[PDB]
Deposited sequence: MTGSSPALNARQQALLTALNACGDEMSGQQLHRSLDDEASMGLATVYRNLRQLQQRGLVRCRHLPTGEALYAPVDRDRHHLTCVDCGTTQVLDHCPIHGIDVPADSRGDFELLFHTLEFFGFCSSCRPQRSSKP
């Protein structure tokens, strides 16, 4: 098929941001011309996800962050204080999973531990 105007506006906003965006950040980024209700943002994000055009991950707090499917950024996160840093590059280096008759689009990879302040 082809993208409706709301799906196109969300993909444009996700591409324009250098980072991931929460549903609320994405909602606040829309100007009058592109404006839609918050529930409409989430519905249209879900459709973009089902078409494999948007990726999602959750912070430890449960907040969802969205990005274009091609943005493959991974983090180290302290399980105590939640402090987080981005990895320089993806350590899988584009290698394929071993290969079950499943068409692969992307991976989320997140590392968890204790920062200097929190380590026992």
query	finding
Regions left out of the model, expressed as runs of the deposited sequence counted from 1	1-5, 105-107, 129-134
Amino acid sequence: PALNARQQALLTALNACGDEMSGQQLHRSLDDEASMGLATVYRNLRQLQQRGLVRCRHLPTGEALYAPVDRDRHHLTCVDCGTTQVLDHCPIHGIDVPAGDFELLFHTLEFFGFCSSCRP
From here on, numbers count along this sequence of modelled residues.
query: Mean Cα B-factor comparison, 60-68 or 79-87, giving the higher one as deposited; finding: 79-87
query: Higher-scoring stretch by recorded Cα B factor average, 90-98 or 50-58; finding: 90-98
query: Lowest, middle or highest third - CA B-factor, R28; finding: highest
query: Chain-wide C-alpha B factor ranking for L109, given as lowest, middle or highest third; finding: lowest
